[PDB]
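Text of the file run.cif, holding mmCIF, N, CA and C atoms:
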data_entry
#
loop_
_atom_site.label_atom_id
_atom_site.label_comp_id
_atom_site.auth_asym_id
_atom_site.auth_seq_id
_atom_site.Cartn_x
_atom_site.Cartn_y
_atom_site.Cartn_z
N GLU A 1 220.15 162.21 73.38
CA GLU A 1 220.33 162.22 71.90
C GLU A 1 219.04 161.85 71.19
N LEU A 2 218.71 162.60 70.14
CA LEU A 2 217.49 162.34 69.37
C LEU A 2 217.63 161.10 68.50
N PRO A 3 218.77 160.97 67.80
CA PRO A 3 219.02 159.84 66.92
C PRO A 3 219.68 158.67 67.66
N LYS A 4 218.93 157.58 67.82
CA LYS A 4 219.43 156.40 68.51
C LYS A 4 220.60 155.76 67.76
N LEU A 5 221.81 156.01 68.24
CA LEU A 5 223.00 155.44 67.62
C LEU A 5 224.13 155.22 68.64
N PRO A 6 223.83 154.79 69.89
CA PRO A 6 224.85 154.54 70.89
C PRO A 6 225.30 153.09 70.88
N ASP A 7 226.01 152.68 71.92
CA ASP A 7 226.48 151.30 72.02
C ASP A 7 227.29 151.09 73.29
N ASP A 8 228.14 152.06 73.61
CA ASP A 8 228.97 151.99 74.80
C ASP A 8 228.79 153.23 75.67
N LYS A 9 227.54 153.63 75.86
CA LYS A 9 227.23 154.81 76.66
C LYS A 9 226.08 154.54 77.62
N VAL A 10 224.91 154.27 77.05
CA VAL A 10 223.72 154.00 77.84
C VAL A 10 222.99 152.76 77.35
N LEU A 11 222.99 152.56 76.03
CA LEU A 11 222.32 151.42 75.43
C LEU A 11 221.02 151.09 76.14
N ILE A 12 220.21 152.11 76.41
CA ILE A 12 218.93 151.92 77.08
C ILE A 12 217.94 151.19 76.19
N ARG A 13 217.57 149.98 76.58
CA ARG A 13 216.61 149.20 75.83
C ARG A 13 215.27 149.93 75.80
N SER A 14 215.11 150.84 76.76
CA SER A 14 213.90 151.65 76.89
C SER A 14 213.15 151.76 75.57
N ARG A 15 213.55 152.72 74.76
CA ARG A 15 212.91 152.93 73.47
C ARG A 15 213.61 154.04 72.71
N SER A 16 214.91 154.11 72.90
CA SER A 16 215.72 155.13 72.25
C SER A 16 217.20 154.84 72.37
N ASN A 17 217.62 153.63 71.99
CA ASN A 17 219.02 153.27 72.08
C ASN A 17 219.34 151.96 71.36
N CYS A 18 220.62 151.77 71.08
CA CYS A 18 221.11 150.57 70.41
C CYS A 18 222.30 150.01 71.20
N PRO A 19 222.20 148.75 71.65
CA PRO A 19 223.24 148.09 72.45
C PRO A 19 224.61 148.08 71.77
N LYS A 20 225.58 147.50 72.45
CA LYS A 20 226.94 147.40 71.93
C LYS A 20 226.94 146.72 70.57
N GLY A 21 227.72 147.25 69.63
CA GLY A 21 227.78 146.68 68.30
C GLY A 21 226.45 146.09 67.89
N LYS A 22 225.55 146.94 67.42
CA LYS A 22 224.22 146.50 67.04
C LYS A 22 223.78 147.13 65.72
N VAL A 23 222.49 147.07 65.45
CA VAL A 23 221.95 147.61 64.21
C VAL A 23 220.44 147.81 64.28
N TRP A 24 220.00 149.03 64.01
CA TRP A 24 218.58 149.33 64.04
C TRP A 24 217.83 148.65 62.92
N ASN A 25 216.52 148.69 63.04
CA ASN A 25 215.62 148.08 62.07
C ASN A 25 214.33 148.88 62.00
N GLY A 26 213.43 148.50 61.10
CA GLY A 26 212.17 149.21 60.96
C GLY A 26 211.69 149.89 62.24
N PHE A 27 211.94 149.27 63.40
CA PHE A 27 211.51 149.84 64.66
C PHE A 27 212.26 149.23 65.85
N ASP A 28 213.59 149.12 65.76
CA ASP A 28 214.35 148.52 66.86
C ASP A 28 215.85 148.69 66.69
N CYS A 29 216.52 149.18 67.73
CA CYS A 29 217.96 149.37 67.70
C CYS A 29 218.66 148.22 68.42
N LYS A 30 219.08 147.21 67.67
CA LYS A 30 219.76 146.05 68.27
C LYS A 30 220.55 145.25 67.26
N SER A 31 221.37 144.36 67.79
CA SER A 31 222.22 143.52 66.96
C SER A 31 221.44 142.85 65.84
N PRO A 32 222.15 142.43 64.79
CA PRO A 32 221.53 141.77 63.64
C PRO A 32 221.15 140.33 63.96
N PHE A 33 221.74 139.80 65.01
CA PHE A 33 221.45 138.44 65.43
C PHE A 33 219.95 138.28 65.67
N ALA A 34 219.30 139.39 66.01
CA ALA A 34 217.87 139.39 66.27
C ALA A 34 217.11 140.16 65.20
N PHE A 35 217.54 140.00 63.96
CA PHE A 35 216.91 140.67 62.83
C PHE A 35 217.40 140.08 61.51
N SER A 36 218.69 139.82 61.44
CA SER A 36 219.30 139.25 60.24
C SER A 36 218.88 137.80 60.05
#
Could you take the file, read its structure, and then write that structure out as structure tokens?
Amino acid sequence: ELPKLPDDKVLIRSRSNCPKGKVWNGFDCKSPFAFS
């Protein structure tokens, strides 16, 4: 997938995915706990 918007599929921290129940940011797909 081109648009990083997963959670319960691959959630590859690599550089093109967002973990379970998370939220992207200027340059990172992850939970708000690490951004909010």
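Within 8 Å of the point (221.2, 145.2, 63.6) in file coordinates, and counting all atoms listed in the file, lie the residues residues 21, 22, 23, 24, 25, 28, 29, 30, 31, 32, 33, 34, 35 and 36 of chain A.
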- Message: Could you check which residues have any atom within 10 Å of (216.3, 156.0, 70.7), counting only C-alpha atoms with coordinates taken straight from the file, and then list them as a VMD selection string?
- Response: chain A and resid 1 to 6 11 to 18 24 27 to 29
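Once the PyMOL selection byres (((chain A and resi 8 and name CA) around 6) and name CA) is applied to this file, the selection holds residues 7, 9 and 20 of chain A.
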- Message: Could you pull out the strand (DSSP E) residues of chain A, going by DSSP on the backbone, and write them as a ChimeraX atom specification?
- Response: /A:23-25,28-30
Residue completion, stretch 19-32 of chain A, N, CA, C and O atoms, as a PDB file, in the frame of the given file:
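Output saved as part.pdb:
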ATOM      1  N   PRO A  19     222.200 148.750  71.650  1.00  0.00           N
ATOM      2  CA  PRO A  19     223.240 148.090  72.450  1.00  0.00           C
ATOM      3  C   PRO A  19     224.610 148.080  71.770  1.00  0.00           C
ATOM      4  O   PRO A  19     224.767 148.582  70.662  1.00  0.00           O
ATOM      5  N   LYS A  20     225.580 147.500  72.450  1.00  0.00           N
ATOM      6  CA  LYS A  20     226.940 147.400  71.930  1.00  0.00           C
ATOM      7  C   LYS A  20     226.940 146.720  70.570  1.00  0.00           C
ATOM      8  O   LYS A  20     226.238 145.727  70.376  1.00  0.00           O
ATOM      9  N   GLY A  21     227.720 147.250  69.630  1.00  0.00           N
ATOM     10  CA  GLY A  21     227.780 146.680  68.300  1.00  0.00           C
ATOM     11  C   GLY A  21     226.450 146.090  67.890  1.00  0.00           C
ATOM     12  O   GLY A  21     226.223 144.886  68.041  1.00  0.00           O
ATOM     13  N   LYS A  22     225.550 146.940  67.420  1.00  0.00           N
ATOM     14  CA  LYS A  22     224.220 146.500  67.040  1.00  0.00           C
ATOM     15  C   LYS A  22     223.780 147.130  65.720  1.00  0.00           C
ATOM     16  O   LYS A  22     224.607 147.630  64.956  1.00  0.00           O
ATOM     17  N   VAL A  23     222.490 147.070  65.450  1.00  0.00           N
ATOM     18  CA  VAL A  23     221.950 147.610  64.210  1.00  0.00           C
ATOM     19  C   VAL A  23     220.440 147.810  64.280  1.00  0.00           C
ATOM     20  O   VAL A  23     219.687 146.890  64.562  1.00  0.00           O
ATOM     21  N   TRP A  24     220.000 149.030  64.010  1.00  0.00           N
ATOM     22  CA  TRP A  24     218.580 149.330  64.040  1.00  0.00           C
ATOM     23  C   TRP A  24     217.830 148.650  62.920  1.00  0.00           C
ATOM     24  O   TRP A  24     218.416 148.104  61.985  1.00  0.00           O
ATOM     25  N   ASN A  25     216.520 148.690  63.040  1.00  0.00           N
ATOM     26  CA  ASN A  25     215.620 148.080  62.070  1.00  0.00           C
ATOM     27  C   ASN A  25     214.330 148.880  62.000  1.00  0.00           C
ATOM     28  O   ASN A  25     214.162 149.827  62.752  1.00  0.00           O
ATOM     29  N   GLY A  26     213.430 148.500  61.100  1.00  0.00           N
ATOM     30  CA  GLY A  26     212.170 149.210  60.960  1.00  0.00           C
ATOM     31  C   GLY A  26     211.690 149.890  62.240  1.00  0.00           C
ATOM     32  O   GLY A  26     211.080 150.957  62.183  1.00  0.00           O
ATOM     33  N   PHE A  27     211.940 149.270  63.400  1.00  0.00           N
ATOM     34  CA  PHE A  27     211.510 149.840  64.660  1.00  0.00           C
ATOM     35  C   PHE A  27     212.260 149.230  65.850  1.00  0.00           C
ATOM     36  O   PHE A  27     211.635 148.842  66.834  1.00  0.00           O
ATOM     37  N   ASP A  28     213.590 149.120  65.760  1.00  0.00           N
ATOM     38  CA  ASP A  28     214.350 148.520  66.860  1.00  0.00           C
ATOM     39  C   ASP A  28     215.850 148.690  66.690  1.00  0.00           C
ATOM     40  O   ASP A  28     216.396 148.353  65.645  1.00  0.00           O
ATOM     41  N   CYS A  29     216.520 149.180  67.730  1.00  0.00           N
ATOM     42  CA  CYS A  29     217.960 149.370  67.700  1.00  0.00           C
ATOM     43  C   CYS A  29     218.660 148.220  68.420  1.00  0.00           C
ATOM     44  O   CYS A  29     218.818 148.261  69.635  1.00  0.00           O
ATOM     45  N   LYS A  30     219.080 147.210  67.670  1.00  0.00           N
ATOM     46  CA  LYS A  30     219.760 146.050  68.270  1.00  0.00           C
ATOM     47  C   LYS A  30     220.550 145.250  67.260  1.00  0.00           C
ATOM     48  O   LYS A  30     220.429 145.431  66.056  1.00  0.00           O
ATOM     49  N   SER A  31     221.370 144.360  67.790  1.00  0.00           N
ATOM     50  CA  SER A  31     222.220 143.520  66.960  1.00  0.00           C
ATOM     51  C   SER A  31     221.440 142.850  65.840  1.00  0.00           C
ATOM     52  O   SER A  31     220.218 142.710  65.918  1.00  0.00           O
ATOM     53  N   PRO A  32     222.150 142.430  64.790  1.00  0.00           N
ATOM     54  CA  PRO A  32     221.530 141.770  63.640  1.00  0.00           C
ATOM     55  C   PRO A  32     221.150 140.330  63.960  1.00  0.00           C
ATOM     56  O   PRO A  32     220.329 139.728  63.267  1.00  0.00           O
TER      57      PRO A  32
END
